[PDB]
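Fold and contact review
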Amino acid sequence: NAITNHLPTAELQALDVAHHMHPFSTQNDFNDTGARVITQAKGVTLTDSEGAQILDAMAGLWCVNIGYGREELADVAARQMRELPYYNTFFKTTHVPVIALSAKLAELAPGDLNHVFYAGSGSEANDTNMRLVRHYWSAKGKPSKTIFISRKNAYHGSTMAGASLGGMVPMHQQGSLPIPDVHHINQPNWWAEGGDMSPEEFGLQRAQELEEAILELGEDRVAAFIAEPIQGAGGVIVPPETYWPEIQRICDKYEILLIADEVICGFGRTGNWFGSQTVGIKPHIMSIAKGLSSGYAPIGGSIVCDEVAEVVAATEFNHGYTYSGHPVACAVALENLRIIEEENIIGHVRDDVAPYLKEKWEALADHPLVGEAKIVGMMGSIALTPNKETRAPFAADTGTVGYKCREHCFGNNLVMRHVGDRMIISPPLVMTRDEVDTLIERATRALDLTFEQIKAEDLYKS
Amino acid sequence: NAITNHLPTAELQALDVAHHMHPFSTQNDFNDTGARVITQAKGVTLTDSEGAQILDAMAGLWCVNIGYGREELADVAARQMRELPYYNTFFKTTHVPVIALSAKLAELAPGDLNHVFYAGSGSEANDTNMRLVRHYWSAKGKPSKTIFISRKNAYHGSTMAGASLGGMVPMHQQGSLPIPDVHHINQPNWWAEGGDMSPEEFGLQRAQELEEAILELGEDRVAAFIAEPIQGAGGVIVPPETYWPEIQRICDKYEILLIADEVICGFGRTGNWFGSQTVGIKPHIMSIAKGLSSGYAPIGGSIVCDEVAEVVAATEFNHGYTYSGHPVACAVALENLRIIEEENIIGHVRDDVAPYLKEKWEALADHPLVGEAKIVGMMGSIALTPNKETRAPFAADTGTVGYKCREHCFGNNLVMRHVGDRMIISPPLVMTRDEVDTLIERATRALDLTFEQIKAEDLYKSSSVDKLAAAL
Ligand SMILES: *Cc1c(COP(=O)(O)O)cnc(C)c1O
Ligand SMILES: *Cc1c(COP(=O)(O)O)cnc(C)c1O
Ligand SMILES: [Cl-]
Ligand SMILES: [Cl-]
């Protein structure tokens, strides 16, 4: 039997759990609940192997920025695969797709971020960052500058390096992690960690932790601060207005590289080409992936400022991947950016859908179960809480209420994910206002069903 | 901002060096000589932006196994990209391409290798292996088993972990590497490191370093031994006949996982589906990429054995990449595997081209510059030497002669690379006998030119200490 969309879902699910190990999963869970089989997608809508139509408020995995079914990219890939499906960039060799895409990326990246080292993923781009930066500081005559400073509940990939830069304890527990010279300061999540400080003062305190970490560890030991402009996988944590201005102040004062992990935030997600632009900072390096190709072809990379590139360009840089700059991926990514740029999809975000989504998403704070509704551009979160006044957590294991809401969302044909007891959305940037209404309608029904179930099941308390 | 094939080569090269940071390079010597722009390819032939045609004896980067120009992979990618160009396998969700690819890999991987964890590259596959294997020994109640044992001059990728697991000193010197709990033993390269030992004695000694390492580190600390069946990037080092059987028997003595890095050797390269079949080992995990999709789309992974997958299957495995199982990459890899299987390309290697290429390649040992010619399946190397009898290296820094030979190759429209003073080839598996003939004629002319050049440069010499040792 050939394995196609024509096989019964149950049969496909058996083959799935028998041979395909899923990311971030307990694989045995698939014996009880088989994996949902997505077979097609168009616009913002997915269809599963039973014909159900799900609104994908997560855009695949924060990445399908131009939405599904844009055929220009499939035409661009086929044409590239026919002419030159692959050649390497190792042999003093190059091709037009990576040349074109590198010039395009330099143009879009603000300031002197004008050079791209290519990777397959956001994880591999942050491996590049670790190796590039340490080599950079040695080449500058300061090889003791090795420490990357990150944050608890940051997420920077799933390689050995990526997982170590992220701040997920569960990830650190697997692989003898973190790798040496990776440190973590606290995250600017006011709702859960703010105490009774104002958001504004809490944002200052959390930013100041970078200067204290520098002084504690020694400036001669610190290589870089790496951070998501807005934490994505941590639960769409929007920092207070005070946070990034004080980070920038600290980075301006001390000899440290600022690494904006733009893997989720890049390419329109926050209303600008880069989250760095939105929050007002000036990184020396940006990690990119995901929205770079709207997820249609695997590709990521590091955009690097002139000064770092110049110093390393005088050295043999012994790093890189067989698929670095893969011509087809580059051709797909370039068409993605043309479609975002020339159809003004970022304008569509800034002026049309994001203001509408904001008004609707922030009104969910009116729901009894929702203590706060945070959103920038097209990434948003809601904290579910048993007490809005105390901002308290539920008594149950953090994520029990989130999981119930998540299940109610999917059962109501909407892709909204939980991180603990926050729910998160990251819909395609081409989403229209009428589509926002459906999202809000289904999110509200799922939130009501979670409320009643929690009440009935005795889980509404702190 | 319109950059296309129509632009002059000189202009394209200026944009390249200005914005494109090349892997494994000194970016600045692109200011000296700009990059060769490859514009198209078909079969085994590259064309560059000036119309020059190059026989690609390296198959892109050890990966274009079905050769260039297979428009089926484009049709499959396009059709997958219109139907479902991306979905994630993170949300208790899946899709048909990753399901079918996994079932095909489980059927092709011998024995109980029946489970695939997907990556984007061979490097990410090895990051998976480190996190998976350490987590597995911890799940088994033995958390102290963390040390990956690897080899010098091994190559296992370029992530923090891939670079660490490889054995390239220049790679260790960038990133504060190797990361902890990685140990390196010596490599089975008899030509350069054999001393006065016979090859098969040397083979046993080199494999015995694995037990020596295990015993000096402690069985309670060791988690895995990882190794390429045949070292590729280190210069296609074919171990002596004794080497892999002893490794295997050492691994069967100890609680240790054998990981075969099949990123190069996999999918026909050595005359079998996997280099482990050819060298006769039973790995617990195989790392895959390159030939998996014939490089037409980026994808990698780890093929995992039943007992390791099942141990982990009972735990939340907090690992994975957005593009793990990417539906277009899978569809392409599947079609690649279909073509390899249904057109019997491995049979074409085994019975037609590999024996012909072996005959002709090993005859290169008759060349006055060549000291040895080693080939398994469709990967080969030759050692360039000033003295065949002693195997003594050139007096000039290692790679001086290899580099000169590489240049004569590219001047003869042949992609033959050097690793130190070895030349290496890894041609597309669908290479025909007439294409072998062109390869060898070009390779032989490049050997001839190299030979008379270094002779004129006064570089055809071992060290004066090695020349005196010619006193027999
Ligand atoms: C998704 C994520 C990554 C991981 O990139 P992969 O392609 O999954 O390896 C890295 N950084 C950030 C900020 C991410 O959100
Ligand atoms: C090429 C190589 C790798 C790395 O694969 P990438 O796709 O470049 O990350 C790993 N192992 C071996 C043996 C390799 O040759
Ligand atoms: Cl929270
Ligand atoms: Cl040698």
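What counts as what
Residues numbered from 1 in each chain as written, not as in the entry; some residues may be left out. Chains lettered and ligands numbered in written order. Heavy atoms only, no water. Domains from an automatic or database assignment. Buried area = accessible area lost by both parts, 1.4 Å probe. Salt bridge = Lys/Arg side-chain N within 4 Å of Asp/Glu carboxyl O. Polar contact = N/O pair within 3.5 Å; in protein donor to acceptor, adjacent residues only side chain to side chain. Helix = DSSP H or I, 4+ residues; strand = E, 2+ residues; numbered from the N terminus. Nonpolar A, V, L, I, M, F, W, Y, C, P; charged D, E, K, R; others polar. Buried < 20%, exposed > 50% of the residue type's maximum accessible area, 1.4 Å probe, protein only. Contact = heavy atoms within 4.5 Å. Axes fitted to C-alpha atoms, helices over the stretch in contact; angles between N-to-C directions. Parallel < 35°, antiparallel > 145°, perpendicular 65-115°, else oblique. Left-handed = near helix turned anticlockwise from the far one by under 90°. Pairing = 2+ DSSP bridges.

**Section: the domain arrangement of chain A**
Residue and element names in this part refer to chain A.
- We note that the domain assignment places domain 1 (36-69 + 344-457) and domain 2 (71-342) within chain A.
- One C-alpha centre belongs to domain 1, the other to domain 2, and the line joining them spans 26 Å.
- A buried area of about 2900 Å², summed over both sides, lies between domain 1 and domain 2, and 62% of it is on carbon and sulfur atoms.
- In terms of surface lost to domain 2, no three residues of domain 1 exceed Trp62, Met379 and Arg391, which account for 27% of the buried area on that side.
- If you look at where domain 1 meets domain 2, you find zero salt bridges.
- Between domain 1 and domain 2 we count 20 residue pairs in polar contact in total.
- Only α3 (59-62), α15 (345-362), β14 (370-376), β15 (379-384) and β17 (422-425) provide two or more residues apiece to the side of domain 1 that touches domain 2.
- At five residues, the largest contribution of residues to the side of domain 1 that touches domain 2 is made by β14.
- Among the residues making up the side of domain 1 that touches domain 2, the classes are represented as 20 nonpolar, 10 polar and six charged.

**Concerning the environment of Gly280(B)**
Residue and element names in this part refer to chain B.
- As for its placement among the helices and strands, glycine 280 is situated in the loop between α12 (275-279) and β11 (285-288).
- In this structure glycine 280 comes out as partly exposed when scored by relative accessible area, which is 35%.
- Separated by 240 residues in sequence, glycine 280 and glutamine 40 have C-alpha atoms that sit 38 Å apart.

**Description of helix α13 (residues 306-313) of chain B**
- Of the residues making up α13(B), those classed as buried are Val308(B), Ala309(B), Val311(B), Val312(B) and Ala313(B).
- Buried residues along α13(B) sit in contact with β1 (25-26) of chain A together with β6 (113-119), α6 (122-139), β10 (257-261), β12 (300-305) and β13 (316-317) of chain B.

**Here we look at the packing of helix α16 (residues 400-410) of chain B against helix α17 (residues 433-456) of chain B**
Residue and element names in this part refer to chain B.
- One way to put it is that α16 packs onto α17 with a least axis distance of 8 Å and a crossing angle of 135 degrees. When the axis of α16 is compared with that of α17, the two are oblique. Viewed along their axes, α16 and α17 form a crossing whose handedness is right-handed. In this structure, α16 uses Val401, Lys404, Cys405, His408 and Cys409 to contact α17, whose residues at the interface are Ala446, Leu447, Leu449, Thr450, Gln453 and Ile454.
- Among the residues forming the contact of α16 with α17, the class breakdown is seven nonpolar, three polar and one charged.

**Points about the pairing of strand β2 (residues 36-42) of chain B**
- Where strand β5 (residues 93-94) of chain A and β2(B) come together, two bridges link them in parallel fashion. Its bridge partner being in β2(B), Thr93(A) is matched across the sheet by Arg36(B).
- Alignment of β2(B) against strand β3 (residues 45-48) of chain B, held across four bridges, turns out to be antiparallel. Bridge pairing in β3(B) links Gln40(B) to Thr47(B).
- Linking β2(B) to β3(B), which pair antiparallel, is a turn of two residues; within it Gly43(B) sits at a positive phi near 60 degrees.

**Considerations on the environment of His284(B)**
All names here are of chain B.
- With respect to the helices and strands, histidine 284 occurs in the loop between α12 and β11.
- Residue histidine 284 is classed as partly exposed on the basis of its relative accessible area, which comes to 26%.
- Taking the C-alpha atoms as reference, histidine 284 lies 8.4 Å from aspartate 112; in sequence the two are 172 residues apart.
- In this view, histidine 284 contacts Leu113, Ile256, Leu257, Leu258, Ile303, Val304 and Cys305; residues no more than four positions away in its chain are not counted.

**Quick look at the sheet that holds strand β12 (residues 300-305) of chain A**
All names here are of chain A.
- Spatially, the seven strands line up as an open sheet ordered β6-β12-β11-β10-β9-β7-β8, and their pairing is mixed. Two strands bound the open sheet, and with one partner strand each, they are β6 (113-119) and β8 (182-185). Adjacent strand axes in the sheet meet at a mean angle of 25 degrees when their direction is disregarded.
- Of the strands in this sheet, β6, β7 (147-151), β8, β9 (222-227), β10 (257-261), β11 (285-288) and β12 touch helix α6 (residues 122-139), which is tilted by about 160 degrees from β11.

**Focus on the interface of chain A and chain B**
- Listed per partner, the contact involves 121 residues of chain A and 118 residues of chain B.
- Where chain A abuts chain B, roughly 10700 Å² becomes buried across the two surfaces, and 61% of that area is made up of carbon and sulfur atoms.
- On the chain A side of the interface with chain B, the three residues burying the most area are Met21(A), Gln174(A) and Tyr323(A), jointly 8% of the side's total.
- At the boundary of chain A and chain B, one finds four salt bridges.
- A salt bridge links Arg82(A) to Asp75(B); its shortest N-O distance comes to 2.7 Å.
- Scanning the region where chain A abuts chain B turns up 76 residue pairs in polar contact.
- By residue class, the composition of the side of chain A that touches chain B is 63 nonpolar, 39 polar and 19 charged.
- In this structure, β1(A) lies alongside β13(B), joined through two bridges in antiparallel fashion. Its bridge partner lying in β13(B), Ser25(A) is registered against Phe317(B).

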